[PDB]
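Below sits a lone chain in structure tokens, taken as the form deposited in one PDB entry.
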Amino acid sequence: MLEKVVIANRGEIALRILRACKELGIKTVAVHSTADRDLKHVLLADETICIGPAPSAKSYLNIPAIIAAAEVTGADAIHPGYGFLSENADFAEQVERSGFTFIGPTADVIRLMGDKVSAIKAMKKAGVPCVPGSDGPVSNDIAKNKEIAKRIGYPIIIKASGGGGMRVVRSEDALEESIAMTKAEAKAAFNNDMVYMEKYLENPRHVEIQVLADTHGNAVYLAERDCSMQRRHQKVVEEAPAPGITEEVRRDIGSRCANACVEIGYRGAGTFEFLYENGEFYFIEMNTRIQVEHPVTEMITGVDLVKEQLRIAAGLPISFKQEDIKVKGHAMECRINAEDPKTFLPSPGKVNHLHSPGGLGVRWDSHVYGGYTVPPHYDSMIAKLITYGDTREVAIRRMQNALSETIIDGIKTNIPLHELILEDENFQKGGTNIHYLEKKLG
């Protein structure tokens, strides 16, 4: 089985993975850049290897160095975390071909869900609801495209299948030019000109379903998260369960997600992201990896998602059955970033003083410590503050109180932004859409 794992990541998620490994008795190899020698998890790991200089391209994205680290330590498996190489199919393929277990899905599945057109096709085949669309790539025949767009109903959005690259079209007046432009933009920067159209949903929430699937033919759904509180497509606050979603609706959408996993040969943790609008779900993407906001799911289900990843990768069955899962209570997560709370410019530097919050229903997932220097080279996340309550109101109040106790001295943080969000009367009512934070911020 898994005796030794390379943690092919950094920051909080590396520490999260280290904690799960140490609970299971799995030895750890921390691969790190020159700039991350003082990361908490590097300091706690069984073995360490420096895989390159500070820039991500030269280190955390350095496929040969990471594989070489697993080779020299005689590791059995590599955990890619989130970001970095976690949804790089070339990496997954090379890890497996080199004799290691990739803690994630197979490369073929990564590629399948990494292409929007093929992802949507598989979701439709599996009975997962999708955005009404062209259902396949669009022609050049404007007459045909004007006809599909009319069928769908304006506004529509043109999307590059290999994008990550979009264009909203609100009238037929614009369509021909728009489809051509998006085709050309996608072909030069992504060497792939394939685009499709789908309905542009103007008032949606981001609701995403957590799954696990093992090598024993099982697949489970673990309720959902609402991640609508975002700026510039970057999440700020997440919660679980999603307000307004009943157990009956959860069973319906969740079971479809679980069947999709089985149809596509999925293995490990993943998330189906939906836009949720006027009471209906519409698939937009599958993240084929663990996610930042996994803790809110753990809080309301009792599941340890990273431990299950490791089990599954070792060849074990998921450690419970669907009937064992019951949503209990409510959870909130605030992503605490080293950044200016109004300009959102990063704020690297020495944390002179850290005071972290605690007590009943308060969880703190962070690699930051007093005396730690937040480097410039990576993202600005320094901590995830997670609260639990028997109700959403309690979770929210607990989050407010925990934030008020939190002290991070030496750098700016976005704590003031979280405080503003949590006291917002619309957020307190629940169910705001994905545009709310930008609208509120002006």
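All residue numbers are counted from 1 along the displayed sequence.
The same protein also exists as the form deposited with a small molecule bound; that form is not shown, yet it is the one meant from here on.
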property	result
Touches the small molecule in the bound PDB entry: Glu293 (any heavy atom, 4.5 Å)	yes
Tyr82 within 4.5 Å of the small molecule in the bound PDB entry, heavy atoms	yes
Heavy atom of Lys235 within 4.5 Å of the small molecule in the bound PDB entry	yes
is_contact(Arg289, the small molecule) in the bound PDB entry, heavy atom dist at most 4.5 Å	yes
4.5 Å heavy atom contact with the small molecule in the bound PDB entry for all of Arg16, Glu239 and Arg311	no
Partner-facing stretch of 146-154, 318-326, 83-91, 70-78, counted where any non-hydrogen atom is within 4.5 angstroms of the small molecule in the bound PDB entry	83-91
The unique member of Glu298, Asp115, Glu176, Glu273 whose heavy atoms fall within 4.5 Å of the small molecule in the bound PDB entry	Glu273
